[PDB]
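By written order: A, B, C, D, E, F, G and H. Residues from 1 in each chain.
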Amino acid sequence: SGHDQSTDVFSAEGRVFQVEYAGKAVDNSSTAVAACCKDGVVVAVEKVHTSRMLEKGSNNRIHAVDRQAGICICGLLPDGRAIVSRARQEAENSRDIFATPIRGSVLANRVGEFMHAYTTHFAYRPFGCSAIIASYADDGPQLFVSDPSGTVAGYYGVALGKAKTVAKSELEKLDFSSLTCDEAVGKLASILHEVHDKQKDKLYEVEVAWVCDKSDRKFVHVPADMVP
Amino acid sequence: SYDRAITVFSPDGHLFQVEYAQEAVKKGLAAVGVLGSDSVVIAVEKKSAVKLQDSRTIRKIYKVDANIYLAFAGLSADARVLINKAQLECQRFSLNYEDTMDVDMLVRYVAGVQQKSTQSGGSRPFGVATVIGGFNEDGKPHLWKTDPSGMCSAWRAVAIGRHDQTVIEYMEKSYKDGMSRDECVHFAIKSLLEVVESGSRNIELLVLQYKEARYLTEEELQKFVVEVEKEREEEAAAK
Amino acid sequence: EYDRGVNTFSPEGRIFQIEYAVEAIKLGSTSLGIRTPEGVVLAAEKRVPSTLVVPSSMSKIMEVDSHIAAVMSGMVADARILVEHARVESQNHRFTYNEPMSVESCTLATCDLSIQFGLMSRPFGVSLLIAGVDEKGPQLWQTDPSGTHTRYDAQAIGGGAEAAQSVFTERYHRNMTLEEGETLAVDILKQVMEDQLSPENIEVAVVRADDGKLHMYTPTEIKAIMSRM
Amino acid sequence: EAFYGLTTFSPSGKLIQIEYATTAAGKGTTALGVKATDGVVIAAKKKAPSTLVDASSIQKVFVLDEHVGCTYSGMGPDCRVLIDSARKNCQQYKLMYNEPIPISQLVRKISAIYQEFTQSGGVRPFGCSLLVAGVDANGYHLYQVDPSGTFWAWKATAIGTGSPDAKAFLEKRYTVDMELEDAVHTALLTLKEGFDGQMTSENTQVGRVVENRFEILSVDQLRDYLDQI
Amino acid sequence: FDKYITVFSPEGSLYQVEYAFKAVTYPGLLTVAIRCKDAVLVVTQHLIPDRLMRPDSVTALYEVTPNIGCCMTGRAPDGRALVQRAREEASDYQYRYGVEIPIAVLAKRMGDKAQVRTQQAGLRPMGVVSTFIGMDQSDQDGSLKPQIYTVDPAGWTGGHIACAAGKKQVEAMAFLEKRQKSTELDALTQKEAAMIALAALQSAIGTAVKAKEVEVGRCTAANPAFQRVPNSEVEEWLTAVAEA
Amino acid sequence: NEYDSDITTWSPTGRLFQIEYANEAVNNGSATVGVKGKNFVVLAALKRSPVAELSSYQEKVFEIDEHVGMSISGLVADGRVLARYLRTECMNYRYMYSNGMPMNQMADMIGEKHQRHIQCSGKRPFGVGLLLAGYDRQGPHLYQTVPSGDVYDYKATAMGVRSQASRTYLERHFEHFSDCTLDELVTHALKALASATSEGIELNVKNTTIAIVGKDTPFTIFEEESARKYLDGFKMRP
Amino acid sequence: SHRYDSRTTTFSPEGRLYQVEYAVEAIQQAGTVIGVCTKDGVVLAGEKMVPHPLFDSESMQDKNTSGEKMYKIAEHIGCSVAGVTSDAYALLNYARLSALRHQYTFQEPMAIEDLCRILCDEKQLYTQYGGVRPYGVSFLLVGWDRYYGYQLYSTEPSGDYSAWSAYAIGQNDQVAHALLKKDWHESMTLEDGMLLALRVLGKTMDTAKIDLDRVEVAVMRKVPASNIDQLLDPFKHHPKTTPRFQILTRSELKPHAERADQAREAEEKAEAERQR
Amino acid sequence: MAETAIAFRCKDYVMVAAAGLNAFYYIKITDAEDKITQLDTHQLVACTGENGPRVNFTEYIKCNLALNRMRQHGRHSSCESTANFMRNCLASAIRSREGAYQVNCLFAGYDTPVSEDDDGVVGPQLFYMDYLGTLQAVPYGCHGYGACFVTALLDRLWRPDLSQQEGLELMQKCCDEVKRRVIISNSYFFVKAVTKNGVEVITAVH
C-alpha cells in the first residue's frame, strides 16, 4: 500500500509507481500527433470539448515557448501550462543570458529536467502531461517528447493519448524523408479525425500548429483553411 | 524547521492535543487560590517530604514579579518555561512602560502564550494550568486561572490539578466574599485538605497582601492545619 | 487522527478541519445579534464553569472600537486572537483614514487572519458576530472558521443557534425598536441557554444608531430588560 | 524538507535505528587496530567484488591529517562523510591552534556528528564504525567510534564481519611490550585468521602511526610484511 | 515502513538503495566499459524499437567535461539529472581551482551526492549507475592513463579495469573476468579491448549486435577528449569479433 | 480509498482525487450564470433567499478592475483570495501599462495560480469556481475558472447547484447571443439562472445579483434599485 | 513523508509524552550513579562498564576533568550522566559553554541551580518543539556556589530537575534511594559520605567487596586557593577556599573502598547476630 | 560632561553624588533630575549623559537585574557581577548599529554575605565605567567637567577610614568645588550612600 503513495519511493521491482500513474493520465487524455519534416515540424492535437458553448481557441493545448519553439501538451492541461511557463523561462534565459534562440535539443532536455525534478521529492507529484516540444532553431527542425518521468526522446513522428497505438500505425504509413509541412498538416489532422471516437467524444476540434520555412521558422497555429 | 500541525480538530470538534494537555494537568499536584478583602492566598500540595530532597527550602509557588506570584499544575518542565516567559514579559513591560504590569495584563500574556502553543505548527500545547495571584499598583487584589487551551478567567477562589472540580464544588458551598488574611489562609488549607493527604507537611502556602508576599513557616502553618483538621472532624460528626 | 492532512477536502467538497472547527462552535456558549434601525443588539450566555468565577472576567462580548463590538462562540482563547486583530486593524484604519473603520471592513480584516492556516496549524474554533454602526447604518456580520463573512439581520451562533434561528423566523422583523430587539435577544437566551437566566448569567451590548457608540449593559440594566418581559 | 526525527525511543528505552545502524557497521569487511609502545597499526581487508576492480582505487584506510588516519567497517559511502568532516576538523584545528588536532579532540568531533544523525530531523544514523589511529602530545591512540556516537580508546580492537573472532585472537596475542614491527605482524596475522584465500598488497591496506606521522604502507612496504607471516 | 523511507532495516540494510539498484536493471540495457593501455571505451546498448524515434537523440553517453565522458545506466531521466549535477560539480571545480576536475574526484563528489539521498528522507535515490571514463594525468611523469569510475545509487564509488552495469551485468562481468585470466587487459590495444567489451555485450545479451544498436564513447592518451566512436569504426570491431 | 488524502498522490487510474473533490465544492456552491454577446458579458448570481423577514448578504460578485469582474461558486474564502490576487495583478498591470490587463492574459494568470496549489504538498486546490467576465481590445470575454486550474473561454456557462438546468437552457439559445442587445442578454442570463432555482422560488432583486461589463460600460454590479429595471418586469414562462 | 512521522513532541490520550517516558526507561538501563551531598563536599560514585583487558586510557594530561562516568562542567560544577552517552556529551558541551558564557558576562561562577535550569531548559525544548526524540540522558549535577553551598541536582529527560541531599540515577535507582533514605544524615563528613556512596553503590550492583575496576568516584569539595596572583588585579577579592572537582584515581579510591568493604563485613556480622 | 557625578568608598559606605542638571542646548530644563538609579537594595549607579541613553541604559540594567533575581529565586547578585554585566552591555553597544550608549557610570554597591556559605567580598564596592565599557574598581572617581577638580580634591582629603559624617563634609567640599569652578551650573547634587543597611538618600549635602 505504501510503495506507491509518493514519487520519492522506488518499489521492490525498481520503478516509481506515482510517475507510472501520472503517465496513465496522459494515456487517457486527448490524442496528440506530430511530424518532423525537412521543411519544419507540425503538431496536431484533438481537443475534446465538454460543452457546445466554448469559444474557438478555448483550452488551447499548443503554446509558443519562443519564436522558434512551441509545446503541445497531451495530458492535464493546467500541469502542461506550468511546463510551458518553464519552457518559456528557459527560452528567455537563452536570449537574455546567451543571446541565442534556445536549441530544440537544449529546450527539450530543460523541459525533461524540470518534469523529472517533480519525480524525485516526496513534497511534489509528477506532472500529468507529456510535453511535445517542436522547434526550428539553429539545430534544424526538432520534435521531442518529455513524458511525466522527465524522459526526453527525439522523434520523426509521435502520437500521445488514448489513440496513441492506432495514430502510430497511421504515422508509420508516412515517409518522413519525403513529406513537407504542407502535406503533414493535412495527414496529421486526417489521422486525428480517423482515430477519434465519434460516439464517446461528440464535441471536438483539431488544433494544428507548425514551425517551418513557410512560417519564417516562427511557431504559429496553422490557418483554419489547411486544417481539414 | 519542523512546522507539522500537531494540535488539530477531530470529527466531534475536539482539539485532542489540548484535551490531553488538560489530562496532564489533572494528574498534576493540586494548587488553590483564595481572594480575600486585603489578601490573596495561594496554597499548593508538595509531592511529600522525602528524606533525600534538599533540606534547603524550594518554593512551589513561583514569583513572576514583585506584585505577581503563580502556582501551576501539570508538567514541571513546561511550567518552568511559561514562568520564565511571564518573568521576562513583566520585565519587558516595565522597560516599555515605566509602570509595573497589572496581574490581569500578565495573565492574558501567559494565556496568549498557552493559546499560541495550541495553534503553532511544530509544538504540542503547554501541559500546564496556572493560578496567578497579585495586587495591581492601585491596590486591588486579583486571582486568575489559566488552562492549557489558553483561556483565562478571574476567580474569587479556584483550584487546579488533581480533583480541581471536587475542590471547586467544595469551595463554592463554603466561600464568603469579605475574608480576613487569617480566614483566607484557613479556607485555602481547608479547601486543599478536601483532596490532599491528611498530612500537614505536603501543603505549602503563600499569603499575598499589597506590597507584602510571605510564605507560611511550617510552624505558623501547623497551627492553622490543627485548627482546620479539628473543624473537618466537626463536619465528619455532623454527617 | 493525523492521517488526513489539515488542507484536505472531503468527497463532498468541504475542507475537513473547517467542517470540524464548525462542530467546535455548536459545543460553545450561545451568542446572538439583532440588527434594528435604532441599533444592533449583541447578547451572550456566559456559561460560567462555577459560582466562584468573577463573571466580568470571561466576557463573551468585546469592544473592537467605540462603534464595533464582537460576540464570540466556541474557543474563547482563539476569539481573543481574532478580536485582538480586529482592534489593531480598526485602529490602523483610524490612524490611516481619520475615521471609524466600517463594520464590513473590520469583519474582512478579522477573516484575513482566519484564512492563513497550514503559519497556524489549524483554523480558529470560534465564530464571531461583529455588530457596529458606520455610514451604512447599524450592521451585524458573522465570521466563520472558513474565513467566510456573512451580513445578517439577526443571527445566533453556538449551542442553541439552531433553536434560536427558529425563534427569529417567527419573531424578528426589520422595523424593530432597540428595546424590542433587547427584549427578543434575552427572550431567546432564556429559552435556549441551559442555566436559569440571571442578570450576571448573560452579557448584553448594543451599538445604538443615534450616537454610533457601544454600551455594554450592566447587570442592573439587563434586569431592566428581564423586568419588562 | 523532512524535519521529523527518524531515530526515536522504543518502549524498552533502546534507540532501534542506532541498533540497526550498528548491525550495518558490523556487516562490513574486517578492519582492526593494534596500539604499540612506539606507534599503532590499522589494517583492513579490501576484498573487491571482482578482479576487474582497480584495487588501488579502493581505499579502506584513510589519512585524516599528517598525524592521524582511520579505517572503517560498514557503509563505505557513510564513512566518506565522516572522513571528509574529520579531515575538515583536523585542518580547522591547525588553522586555529597551529598544532595537530589531538586524537581525543578529533574523535569527540566525529562522535558529535554520529550523534547529530541519531537525533537531527529527517536523517538516519551512519551505518559505519571508524577505527581512528593517530599520535599527539599524549602519545599513540587507537579509538573505535560507533553509529551511536560512542567512542572507546582501545589497545587493540577489530570492527566488521570477523570482529568477535579477531578480538578473541588479539586478546591472546597482544602484550603491553608489543613494538610497532611486532604489532604489524600481529595485525596481519589476525586478518589472515578470518581471511579466505591468500592475502596480498592488493587484498589488504595497512595504515601505521610511527614517530609523529600516520602513513599508509605502499604495496612494496606491505609485501615486506606479508612475506614474514 | 523500513522500505519506503531511508532508514535501516533490522538486518542493517537500506531497502530504498537496494531498490534503486533494481531501477538500474529495469530498462533492460547493458553498458560495458574497458580500460586498455592507452584508452578507455564505454559501450552502451542503444535500442530504439520505434522506427519513428530519431536515433541521434536518445543517448546513454554524455560529455561531463571535454576530458570526462559519462555513461548512465538505469532511469534515463535520473541519469540525465546526475550528468547535470556532474557538469555543475565540474564547472564549479574548474572555477574554484582553475583546473579540470580529475575523474576520480568527480566520481567521489558524485558518490557524496548519492550518499546524501540515502541518509536524508524524502529524496529518491537516482536509480542509475554512473560510469565516468577519462584520462587522468600521473603526477610522477606527466603521462595520461585511462580511468573508469562507477558511482552507484548507494554512493559507492570505485575505479575499474572493466565494468558492466544493467540488464545482464553479472553475465557480462563473468565473461570479462574469464577473459582477464588469459590476457593482462591493461597491456591491450584499443582494438583488442574494444573487441572484448563488444564480445561481453554480445555474450551477455545473448545476440550478435549491429553497430547501430550500440553507442561507444572513447578517451585515448593521444586524444584525451571524450569522443563518440563513429559507427564505421564500431562496424570494423564487430566484424573483427564475429571472425575470431 | 488510499489515494484521496493528499494532493500529491496520483491514483493508479491517473486521477487526482483532491482536485475532483475541490470540484465538488464548486458544484455545491450557489448558481451563477454568464452569457456574452457582441459587446457585453452578463453575470447573474443567485444569492441566498431571505428566510421570512430575515436577510443574509454574502459578496459573491467582485469588481476586479474597470474592465473585469468575477462571480464565484464554492468556498467564498478562496474566492476572496483569488479576488485579492486578480485585483492586485490588474492594478500592477494598469500601473505599468496605463491600460487594463487583457482578458486572455488574466485567464492565463488564474490558471497558473490554481496550478501552483495542485502540485505542492503544503498547498491545496482552491475550492472555488470563477466566472471571469471582462472587456478589452479583443472584445468581451467570459471565462469559467475551475479548481483543477483549467480555464474555459465560454460563449455562455453556469456554475454551482442545479447549473446543469441553466446550461441546458443556455444550449437552446447561446447561438443567438452575438445578435442580442444588452437587455436581451440579461433576460437570457436570468432565464438561465431561474432554471437553477429550487422547486417554486422565483428571481427578484432580493435573491439575484446581476453584473455587466462591455464596450464603454465599466464592470458594474446591480443590486436593489439598479437591478429592478431588469427584475421587476421579469417572469419565467415555459 | 508526513505518513512516517513518529510524532515525538505530542501528548498521548493520558496526557503523557511517550518519547520522554521511554527515554527515562533508557536511563534505568544505564550504569548506576550515586550522589551524596555533605557539608564538606559532594560525592559522585558511578558504575563503569566491566573493563575488557584491551580497553586503553586516553593518556589525558589533566586527570580530573573527565572519566568514564564523571565530567567537569566548570571549576565549581561536575556531573555524572546515565543514559545515551553520545547525548550526554552533546549536553555536557552545552553545559560547559553555558557556565563559561555566564562567567564571560558576569565574571563570576554560575550558580549550580542556574546551570541545572539552563541544561534542563534545553532538554525541555526537545519534548515540545522540533519533532525529534528527546535527550535520553539524566544528569547528577554537583557543584558549590556562594548562594546555597554544596548542591546535588538530578536532571530528567523531560526537563524537570530537583535538588537532593543524596540521590541515584541508572540501573537500580529505586534500591539505591531506599539505602540512601536509611543512612544519609544532615551532619556528615566527606569521608562519611564517600563511605555511604560506595556502600550503596556496592549493594545496588550486588558485589561482596567494592570492585575498584568497575567504580569511578568524583568529589566536589573546597580546597585552599594557591594561584592568587593578587598584584595583577589589586582590587580583585580571591576567596581563601576555591571549589575543586576531583576524580579519584584507583590508589586514591582504594582506602575509601576498603573502608566500605569493612563496613559491609561488620554489617554482615550484625545480620549473623540478629538471626542468633 | 555637563553633568558631574562623584563617588567615593570608605570602610562602611559608598557615597555617590550626581548633578541634577538636565539641559537643552543652553536652557536648564531642570536643576533637579535624579541621575542616581538604585539597581538593587544595595546597588546604585550615578549615570551621566543625555536623559535618553542614561534612562534606556539604566532601566535595561535594572530590569535585567530584576529578571535575573526572579529566575534566581530572589538571589541578590554581587557588585562585581552587575558591574561586569553593565560593562559588557556598554562594550557590546560600541560595536552595534545603534552606536555606543553615551553614558558614564559610577557603579556603587555594598556586598553583604548572601548566605552562611558566602566567602566573597563583604563591604562597599565602587566601579568607574566609561561609555566605551572601561570598568575599573576605584576608591573614588568622577565623570563630568568637574571630575578632575573633585578627583584631585579627593586624592588630597579622601582617607579609606572616614565616618559617614566626615564623608558628608567631604562630599559637600567636592560638590562645592564643582559649583565654584565648572561654568556649567551644577547647582544641585543628588547625594546617595550605600551602607550595610541599603541605599539612603542624603539630603544634607547638595
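Heads up, the rule we're going with is that a residue touches a chain if its C-beta (ideal position, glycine included) is under 8 Å from a C-beta of that chain, and two chains touch if they have at least 3 such contacts.
Hopping across touching chains, the smallest step count from subunit B to subunit E is 2.
Any chain bridging subunit F and subunit G, meaning touching each of them, is among A, C; the list is complete.
In terms of their C-alpha centroids, the spacing between subunit A and subunit C amounts to 55 Å. Centre-to-centre separation between subunit D and subunit F, using Cα means, comes to 69 Å. With touch defined as above, residues shared between interfaces to two or more other chains in subunit E number as follows: 1, 4-5, 121-122. Those residues of subunit B in touch with two or more other chains are numbered 1-2, 4, 6, 58, 84. Taken residue by residue, subunit C touches two or more other chains at 2, 5, 118, whereas all remaining positions touch fewer. On subunit G, the positions that touch subunit D within their shared complex are 1, 4-8, 18-19, 22-29, 53-61, 84-87, 89-90, 93, 130-136. By the touch rule above, subunit B contacts subunit H in their complex via residues 58-59, 63-65, 84, 87-88, 90-92, 94-95. Interface of subunit G with subunit H (complex): residues 104-108, 111, 113-114, 117, 144-149, 235-237, 239-241. Every residue of subunit F that touches subunit A in the complex is listed here, in rising order: 2-3, 6-16, 108, 111-112, 114-115, 118-122, 148-157, 167, 170-171, 174.
Across the complex, subunit H meets subunit B through its residues 59-60, 63-64, 66-67, 70-71, 73-74.
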